[PDB]
Amino acid sequence: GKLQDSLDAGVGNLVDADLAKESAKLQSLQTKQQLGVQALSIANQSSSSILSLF
Amino acid sequence: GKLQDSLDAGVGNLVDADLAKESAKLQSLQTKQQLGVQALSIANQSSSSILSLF
Amino acid sequence: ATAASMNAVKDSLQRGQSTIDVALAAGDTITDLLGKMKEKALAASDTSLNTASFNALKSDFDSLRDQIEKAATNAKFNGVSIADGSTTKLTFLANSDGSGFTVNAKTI
Amino acid sequence: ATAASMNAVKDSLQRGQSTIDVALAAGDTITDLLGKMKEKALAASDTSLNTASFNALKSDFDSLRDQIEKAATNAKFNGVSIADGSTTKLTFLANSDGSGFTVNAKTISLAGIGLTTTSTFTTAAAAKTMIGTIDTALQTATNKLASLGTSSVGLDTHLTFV
Amino acid sequence: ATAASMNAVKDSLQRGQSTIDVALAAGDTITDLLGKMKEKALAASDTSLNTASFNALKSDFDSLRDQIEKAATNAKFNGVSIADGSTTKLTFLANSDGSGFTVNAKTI
Amino acid sequence: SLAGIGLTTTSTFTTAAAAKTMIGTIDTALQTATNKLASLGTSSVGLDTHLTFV
Amino acid sequence: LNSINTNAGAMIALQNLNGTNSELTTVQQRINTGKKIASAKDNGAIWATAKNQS
């Protein structure tokens, strides 16, 4: 029984993620995606300047 | 009488669950499903940013 | 690249820690059995005992011996063991350069 | 179209699991009744018993046998059943092409477990033989129920895969 | 023209990814079934079991074997499969020139 | 039409095996119908290109 | 891929959520019946063996 507990703990160490780091990574990536969508919307506006010349 | 007690104890050893581990698994899976619901709620909003492009 | 390479160092250290934990579990079992065999040998060292009690103590001693051997040979972790004597030592990653973390085997 | 076709196979697997669950409930009832009948036959095998007690145990045996037949008959789900000999097998959908998932039927009626609607003992030796007869009947009922449960688990796994 | 032709390459790569996803799902199913079969065989290896328990374990073994065969059979994506052994390998576009992306099939 | 896709105005299944054959019959009908629709679409695109050239 | 007609990440999240729900259901069944093999669905061979012993 103690063997099986040790093997299960070992597999947990190999595979289990640590969610505390993901708690910060998630917010960082959400902010970065919001800035990325904002930057894409800004880059889309390049066509507007041409009309003023005519 | 002693043989009946032995057979019944053997059935119990053969089938009965260990509630001590069940107590930890219950809370772990409650937290797990709450995290899964949160992540699915975040994933559902992937298409919401598209409207900002227009 | 150098900073990202350290995840292998971390997971190797975790694997080594798990292997040594299995080794200590087996060692605790072996220690308890060794104490029981100490008591059996001391009890059979008595001169006034008769033959049947001595043979019973012999059987108990041999059973505890077999328990030690089986608990020692079962002390593996992913095909590798530091306490069964299969190898002289184990070395786990300790730096992104590839410098190892030497740990010598302690056969039990 | 092929992807949208999968709802039918999912529904087929689900009704198969429902039928197996009904059969398992009926089988649990039959197993309890068979154990009680085994106790009755074992007690009636005694010679020291007087005639009135022997008749009382015989009557209890007959009542439990009738209950086994009634419970085996009542084990149906929407007019179809897997455990009373009504049909040889039930095939359930496995993919959009119509490939099946064969599930052999496991009869649990007294006819399907070596017993009979008129089975009963009249002397002590007859009760002692009925002891082993009931033991074999309970055994075969347990294996049939285990096979049905394994089939249900296979249905669930294939439902997840689909 | 050679720039706009890349769409077929991208579609072929996506189709290959979908086929591998189906293969991986079937592989997880077979791995779980293989573990259950390991447990059944390892429990039936005991000599103290009676005939009925041995027959029940053998029946569960046969049923799980048949279920693996079926699960391996059903692993297909739009008429092609990389896990059932229907073909030796699959090739997907890697350039507008028709360069391939060889993926040797792994029968499961 | 039903006659043009391998079906019939009286097509039906009376037993379970007839339905299992009907599965493949409907598969063939769907395949040929989609092929014919794709041919019509290609013809329409050809008409548009020739109209531009004209 | 910024499609508005499908959401594969939502599908993956739903699959994981359903797996967690199934795990919680089986664990609460073990807690409620007090048995890790309460029916033939749990494990047929050991279940039948235990029924015979009982």
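Please note: Cβ atoms are built from the backbone with ideal geometry, for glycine as well, and neighbour counts cover all protein chains shown. Every number in this text was worked out from the coordinates using simple rules, so none of it is lab data.
Fewest first, what order do B:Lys25, E:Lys40 take by the number of other Cβ atoms within 10 Å?
Listed from fewest to most nearby Cβ atoms, that is B:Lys25, E:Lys40.
Among F:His50, D:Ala23, D:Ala44, pick out the residue whose Cα is farthest towards the positive end of the charge dipole of the protein assembly as shown, where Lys and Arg carry +1 and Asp and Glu carry -1 on C-beta, about the Cα centre.
Comparing the listed Cα positions along the dipole, F:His50 ranks first.
If R₀ is 30 angstrom, what is the calculated FRET efficiency for the pair F:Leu30 and D:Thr87, using the beta carbon separation as r and rounding to 0.05?
According to the calculation, E is roughly 0.40.
Of A:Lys25/G:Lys35; C:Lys76/E:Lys40; E:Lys36/G:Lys51; A:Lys32/C:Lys10; C:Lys70/G:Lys41; A:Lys2/D:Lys144, which ones are farther than 32 Å apart at the Cα?
With Cα atoms farther than 32 Å apart: A:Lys25/G:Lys35; C:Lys70/G:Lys41; A:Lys2/D:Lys144.
Considering chain D as a Gaussian network with a 10 Å cut-off on Cα pairs, which listed residue, D:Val103, D:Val22, D:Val80, attains the greatest mean-square fluctuation?
Highest fluctuation of the listed residues: D:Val80.
So which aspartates and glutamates can D:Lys106 reach, going by Cα to Cα under 16 Å and dropping same-chain residues fewer than 8 places off?
Qualifying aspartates and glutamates at Cα under 16 Å: D:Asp21, D:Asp28, D:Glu69, D:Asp84, E:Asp60.
Note the angle between two axes, namely the Cα long axis of helix E:51-73 and the longest principal axis of the Cα atoms of chain E, as a number of degrees from 0 to 90, rounded to the nearest 10.
10 degrees
To the nearest 20 Debye, how big is the dipole of the range E:14-108 about its Cα centre, given +1 on the beta carbon of each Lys and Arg and -1 on that of each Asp and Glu?
140 debye
Angle check, please: helix A:2-15 long axis (alpha carbons) against the longest principal axis of chain A (alpha carbons), in degrees 0 to 90, nearest 10.
Approximately 10 degrees, to the nearest 10.
Work from the charge dipole of the protein assembly as shown (Cβ charges, +1 for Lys and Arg, -1 for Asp and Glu, about the Cα centre) and give the residue of D:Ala105, B:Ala17, B:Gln27 farthest towards its positive end.
So the residue furthest toward the plus end is D:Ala105.
Computed over the Cα atoms, what is the radius of gyration of chain C divided by 2.2 N^0.38 Å, N being its residue count?
Compactness ratio reported: 1.57.
Compute log10 of I(q)/I(0) for the range A:1-51 with the Debye formula, placing one identical point scatterer on every Cα and leaving out solvent, at q = 0.22, 0.23, 0.28, 0.33 Å⁻¹, to two decimals.
Log10 I(q)/I(0), no solvent term: -0.84, -0.86, -0.97, -1.07.
For every helix of n ≥ 4 consecutive DSSP H residues, a contribution of -39,500 (n - 2.57) applies; sum these over chain E, divide by its total residues, and give [θ] at 222 nm rounded to the nearest 500 deg cm²/dmol.
When only DSSP H runs of four or more count, the value is -21000 deg cm²/dmol.
Dipole size in debye (nearest 20) for the range E:1-45 around its Cα centre, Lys and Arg Cβ +1, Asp and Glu Cβ -1?
So the magnitude is around 80 debye.
With charges only on Cβ, +1 for K and R and -1 for D and E, what is the dipole size of the protein assembly as shown about its Cα centre, in debye, rounded to 20?
Rounded to the nearest 20 debye, it is 440 debye.
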